[PDB]
Each structure stands twice: as C-alpha cells, then as structure tokens.
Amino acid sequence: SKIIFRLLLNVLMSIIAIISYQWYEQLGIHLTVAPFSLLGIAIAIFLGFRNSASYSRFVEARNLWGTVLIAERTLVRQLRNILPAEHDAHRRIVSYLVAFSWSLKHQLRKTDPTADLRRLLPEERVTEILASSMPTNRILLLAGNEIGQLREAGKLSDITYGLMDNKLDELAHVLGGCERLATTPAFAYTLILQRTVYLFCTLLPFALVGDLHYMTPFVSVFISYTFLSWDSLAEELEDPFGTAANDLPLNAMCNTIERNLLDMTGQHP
C-alpha cells in the first residue's frame, strides 16, 4: 500500500510540471487535455473489466471455502443420522475432515501442514499423508477408507455409502477449484495495466498545466487517486489465499470449520 507514495510523486510531478511550463512552448512541446481524455477513458474501461475479473476470482475463492464448511457439516450430519451409534467412526472421520481443511490452508499458503496434522491424527497417518504429492488428496482417500470399511462391514449399504461418497466428491471439487485459482496467474497484464495507470498519472499534470496552471496539482492528484484506488483494488483481490489483511482469513475459517465439526460430534473446543 505505497499508494500514498504514488500520490506524493504525483504532487511532485505536478510541481515539476508547473515549474517547467516556463520552457514548454519554446522546446516545441504542446500537451492538450483531449488526447489524455481519450487515453484515460480507455484505461478506465479496461480497468473496469479487469477489476470485474479479479473480483469474480476472489468471490469464487470465498465460495469454494464456503463449500468446505457446507459439505463437511453435511457429511457429519449423514454419519450421525445414518449410523447414530458409530461414534468411533464419527471421531476419525471428523479428524480427517478437520485435517483436510487445515491442509487445504497449508497447500494454498505454501506452508508446512505437519504440526496441524500431528495435532489431529496418529503419526502413521501423518507420515502417509506427508509422503503424497497432494496431502489433501490423501486425506480424502483416508476419509474414504473409513466409510469404505463401514461398507465392507455391512454397516453402510451401497446406497448410504454413496450418499457420503458424494460429499467426498464435493470436497474434491473444492480442492480442484482452489488449486485452479492458486496456480492460475495472464497476470502479466495486471502489471502492464498497472504501469499504464502509473505512467498515465505521472504524464497527466504535464497535459493539465496548460489549462489549470497552479491548480494542476489538486486536479492531478484527484484523478490519480481515483485511478490508483481502483487499480489497487485489483491487487488486493488477486491473492485471495495470501496473508495480507484483505486476503481471505483462512486461519479463522479453518477454526470455524473445526468448531462446527466438534460442535456436531459433542466435543468441547
């Protein structure tokens, strides 16, 4: 958030514009507003569409995480409703579902899931999970064996197994959607558009000065602020899985998921 830096440099560029207006018609240099109107409206259009895309990715990310909570709540719901007495199963599945959420956070944050895993699962499971090119996937497989074994033992039918299998499928879709949003970056343009906006804002006073004279800085900074604010919104929407204040609060969301699942299985945080 060196937007305040970019403003100050604008005020500076404005002063340089006023000062150097003295030599403007002489060097053979004239700068009108109308060409900058054209360019500025074009950039605003492009910024409008770009931000629209950024916003949508951020919302999709928030939604995918939304689905983790919904699908996990419902899997636990089904286990209790279908197998009310299998409390061991209840607890092991819950510990996989909770491990899934934390490991999803670690995967997207590019951090180590070991501590969280060790808190939740026996060490043999941790080892098996850590060895996988995709830990969240191994957890889904392991949650799968729990309902799998219940099915082998005749406690679930093929139908009731399928109802719960569908929830693991839904979690696979969340996993896939997040990995798609993480490793998605023509982000190359987000930077190009940014430099465009920067260059435009810094050239702008030079074009305004002929008309506004001493008023240049105020108008220049006002227009710069509007474009720079809008442009920086994109930047803040473009790393939804990051650690910045305006990124998704994944730690808090994992705590909510865990709290919900412990609540449903009669445990106290």
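Residue positions are given as counts along the sequence shown, with the first one as 1.
- In terms of unmodelled positions of the deposited sequence, the stretch from residue 185 to residue 186 in this entry skips 1 to 3 residues.
- When the two stretches 4-12 and 258-266 are set side by side, the higher mean Cα temperature factor goes to 4-12.
- Of the two stretches examined, 191-199 and 104-112, the record assigns the greater average C-alpha temperature factor to 191-199.
- Out of 40, 28, 48, 66, the entry records its largest CA B-factor for 28.
- The PDB entry assigns residue 228 a C-alpha temperature factor belonging to the middle third of its chain's modelled residues.
- For residue 206, the recorded CA B-factor ranks within the highest third of the chain. Only modelled residues enter the ranking.
- Looking at the C-alpha B-factors along this chain, the one for residue 248 belongs to the middle third.
- Residue 214: CA B factor in the highest third of modelled residues in this chain (values from the PDB entry).
- When the modelled residues of the chain are ordered by their C-alpha B factor, residue 234 lands in the highest third.
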